[PDB]
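Next up: just one chain, as structure tokens, the form solved without the DNA.
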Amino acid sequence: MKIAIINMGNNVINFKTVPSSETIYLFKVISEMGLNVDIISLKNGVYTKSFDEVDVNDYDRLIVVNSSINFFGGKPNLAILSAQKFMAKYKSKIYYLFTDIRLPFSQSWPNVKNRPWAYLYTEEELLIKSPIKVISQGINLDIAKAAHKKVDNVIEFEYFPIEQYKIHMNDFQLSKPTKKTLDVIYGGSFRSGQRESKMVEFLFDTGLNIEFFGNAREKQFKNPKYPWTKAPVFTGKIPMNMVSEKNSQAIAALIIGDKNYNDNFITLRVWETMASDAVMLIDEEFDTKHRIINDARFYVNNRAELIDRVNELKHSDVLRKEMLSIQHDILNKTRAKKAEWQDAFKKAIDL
């Protein structure tokens, strides 16, 4: 049982970028599942085998991590064309991992077909005809299914909490009590504007000491419908394997989702915060049924409620330690089901 795993639009090498870290993380959790896995990427590396040194049909399973089909500057994107050429030539079913609601499986030939350098490829070489199995990180397959309106070869949809890989990795540990230097923290990118209201709502004009580390830049927050005067401190991106440690320098850390993730997806970020020394403060809208933790102190409705909750946390160390303790405990109850998650994942990839 040889499994192949690939990022459909991103080069994989180390943990300096999120799309490469997510792929490497997955390869690990699968390998620790007792499975035999190889990551296939642009060039050979510490975790990767090169696409043109491997014949995709040697694997009994091709798992593909989501990606856009965006050709920056309109110019060829080797990550995309190499991966699609790779997938197009596999004869069996493809397990597409849907971790981001913004990256449905999509066919590149349509794009390419119309670019000026089209002649450099052929339909035969890039059109994926194999049947696809979408594995949804979100519990709502109508949102998953809706997202893949335009693609026809996608005959199967299944739910699987893919992002729990982080809490299931064998090297996992909860963050230790760290010296506080921030009130509230949040890491990520701008999401192409997909979450501007929530980010401004909760991180701008709060009066608190807040940082937003990631690929998000202040200049991107320019939508008139969502005005602000005081933006948080935007630092740069840090490796995916440092996140909890970063998160841990803040009293609290923020959970906000895209409108479609609400009561739908549980995101990687949720575990990254729950395993950290920063108290988890979730937007009430993101999980209205409090499935993440059943205590209303972990949920906030607006900027004002968030500011109030941090004030209480800054005031009562007892309440702060108590809540981290609760979230840490609650995190482990899920980790206690590591086996059932391994089994479910296997079943999901037809094993």
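In this text, the rigid core denotes the largest set of C-alpha atoms whose superposition between the two forms falls within 1.5 Å. From 1 onward, residues are counted along the sequence shown.
The form solved in complex with the DNA is left out here; the points below concern that form.
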item: Touches the DNA in the entry with it bound: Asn14 (any heavy atom, 4.5 Å); value: yes
item: Heavy atom of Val18 within 4.5 Å of the DNA in the entry with it bound; value: yes
item: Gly236, heavy atom within 4.5 angstroms of the DNA in the entry with it bound; value: yes
item: Contact label in the entry with it bound: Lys219 to the DNA, heavy atom within 4.5 Å; value: yes
item: Contact residue in the entry with it bound, chosen from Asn140, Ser189, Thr122, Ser130 - any heavy atom within 4.5 Å of the DNA; value: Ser189
item: Contacting member of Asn209, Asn215, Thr178, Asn262, with respect to the DNA in the entry with it bound [4.5 Å, heavy atom]; value: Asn215
item: Which of 245-253, 219-227, 85-93, 271-279 sits within 4.5 Å of the DNA in the entry with it bound, heavy atom basis; value: 219-227
item: Residues in 61-89 close to the DNA in the entry with it bound, defined by a heavy atom within 4.5 Å, in order; value: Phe72
item: Answer among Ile94, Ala216, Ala147, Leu281 for the CA shift between this form and the one not shown that reaches 2 Å or more, rigid core superposed; value: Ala216
item: Is_shifted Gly188 between this form and the one not shown (CA, 2 Å cut-off, rigid core); value: yes
item: Core-superposed C-alpha of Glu163 shifting 2 Å or more between this form and the one not shown; value: no
item: Core fit, then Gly257 C-alpha moves 2 Å or more between this form and the one not shown; value: yes
item: Sense of the change in Cα distance from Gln194 to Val300 in the entry with it bound - at least 3 Å versus the shown form; value: closer
